[PDB]
């Protein structure tokens, strides 16, 4: 009854494609109304399309954030998918780069219900 692996792959691919061009309005639509993006920093989770919109607006509004799909998009048949990305930007006045594993869980309507992210900071200074 949930989205097949192929659908998940396509959806996450499209998600990356939407992030690449900074289509925030389109991105927010891919999430469920009560979607949740858990924090990888031990903060309380983002919840609702409003907070998600604000989050993506904040982080993508600048345009100075690069995101590259490094690994292939994998997915099971439990409506869950995973992918490996590299994020590159600069906070304050210090260059920053990190590898990120995104895990997305889709609902029966094909929208993102729960999303998790796992970081691995890239060595740059030494």
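Numbering follows the first chain given and starts at 1.
- The PDB entry reports B-factors from which the mean C-alpha value can be compared for 91-99 and 67-75; the larger average falls on 91-99.
- Set 26-34 against 57-65 and average the Cα temperature factors; 57-65 ends up higher.
- Per the PDB record, residue ranking by Cα B-factor puts residue 82 in the lowest third of the chain.
- Looking at the C-alpha B-factors along this chain, the one for residue 105 belongs to the middle third.
- Annotation for residue 123: CA B-factor lies in the highest third of the chain's modelled residues.
- The entry lists a Cα temperature factor for residue 16 that places it in the middle third of the chain's modelled residues.
- Ranked by Cα temperature factor within the chain, residue 40 sits in the middle third according to the deposited record.
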